[PDB]
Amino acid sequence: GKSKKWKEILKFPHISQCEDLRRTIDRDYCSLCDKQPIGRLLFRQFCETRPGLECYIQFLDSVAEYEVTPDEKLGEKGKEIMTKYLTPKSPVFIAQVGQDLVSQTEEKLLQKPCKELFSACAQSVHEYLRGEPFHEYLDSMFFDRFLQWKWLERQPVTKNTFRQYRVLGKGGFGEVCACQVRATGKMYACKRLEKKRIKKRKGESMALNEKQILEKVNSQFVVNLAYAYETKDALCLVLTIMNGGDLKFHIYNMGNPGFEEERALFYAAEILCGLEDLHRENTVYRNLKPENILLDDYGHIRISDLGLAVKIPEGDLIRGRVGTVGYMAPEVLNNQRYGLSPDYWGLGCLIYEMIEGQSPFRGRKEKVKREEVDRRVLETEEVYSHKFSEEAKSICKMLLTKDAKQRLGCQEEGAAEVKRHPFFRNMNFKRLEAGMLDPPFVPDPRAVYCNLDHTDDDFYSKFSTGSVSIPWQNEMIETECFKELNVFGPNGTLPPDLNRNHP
């Protein structure tokens, strides 16, 4: 349901309006052709025109399909690619991957199959595209079209850019509504942080820390920031919408309480990928509890409440003693200097709670005081039941190691060490990260699951940076606004908006 005049809101500017953009955007190949969705599509579209580049795009697509292929169907897919791209007499031949690597790839086909068989060829193809093809695309009309899309991206976001529907939750500094972008009709989750209370509580820095952390990470399994704007009475964070409920509700109201080990495996695998994406930024979450894991319309999960996340400088440690009683790692309860370890402790808490239907250190049917709960966390070894396989027991007690130094995932390897644990032995993380594995529970669509200081002005400005680049471009693509507006001249000619004559 896009606005009636949406083709006028997202109307392309004349290319003459984008010269300031042309000369400031860093001409980085990975950024302009891969990281940014619309740039990636436009570069691929450019390669579609030249006959020599089309084959390389098709090959990369087939390698992307190969890496997520089922294990027992690997050799079948690999040989196909070989007969189509790596054969010298093929109509679609990869010429820049010389024979000195075609032969190596054929040796691996003569041997076992690995999901990274075509990694060498794919990187060689990329090493070729970053050269002449990329610099030709920079002087092509498709990069001028990309500049037009960036011009729209940088436009100012106001309250009139969205329309709010209903209030879906309350919090500490404000509330959470459900807004929609009028021009594209995409739903979001508005997070109103009301100004008066931020300045009274002197928690300005925390709002910027959460906003910056949210706009940085671009994970499939953490709520993403799409817009950060300001109104006459609040600061708004437009985040991913999650209508599927929260994991606490499904553990206790929908559960046994608890899930089957396989169901918990799926949710744990997605939470681990979320924590991994966060730790790629040396950002620790510290707020892992079942109610913070939200489900979407499809059944997948994301980590939601980033109000307690902070970015650890590389090589640094921090102090805190923050979180929720029962989900605080011993190093946090002791108020020590820690790194990312609280999140792996939380992952242990989550896996245990999903399988067993209660926290590892307090019973569902137990009336205990915070003092005793903490004492158990610091001194008591959790017990396990027949609901846990041996692998499930293993990963849980390894993640629940009191000594953050010996805790799983807290080595130089990081989340890698966790993905390798035998508890995920039957989990294909490549397919999971690609959204290829079916979630174990799909929420029903219709379901309902539940002043003049001027220093404030400077704070206003650094917060409200506007639309976030990758989420914005993805929004454009999903709502099909890109497919509709991204039209050129008939038969490869220039459209009027891209011709510097007759502006």
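The numbering used is simple: start at 1 and walk along the sequence shown.
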Thinking of the other compared PDB entries, is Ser62 one of those residues unmodelled in at least a third of them? no
Is it the case that, in at least a third of the other entries compared (those modelling both flanking residues), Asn451 has no coordinates? yes
Counting residues of the deposited sequence that sit between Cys450 and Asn451 but have no coordinates, the total is 10 or more
Which has higher Cα B-factors on average according to the PDB entry: 66 to 74 or 472 to 480? 66 to 74
If you average the CA temperature factors over each stretch, which comes out higher, 80 to 88 or 102 to 110? 102 to 110
I'd like to know which of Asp139, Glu391, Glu314, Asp246 has the highest C-alpha temperature factor in the PDB entry. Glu314
Using the entry's values, work out which of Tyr327, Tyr165, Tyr285, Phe424 has the largest Cα B factor. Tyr165
By the record's CA B-factor, is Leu295 among the lowest, middle or highest third of residues in the chain? lowest
Split the chain's modelled residues into thirds by Cα B-factor; is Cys55 in the lowest, middle or highest one? highest
Looking at the temperature factor on the CA atom of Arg321, which third of the chain's modelled residues does it land in? middle
By the record's CA B-factor, is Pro360 among the lowest, middle or highest third of residues in the chain? lowest
In terms of its chain's C-alpha B-factors, the third that includes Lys195 is the highest
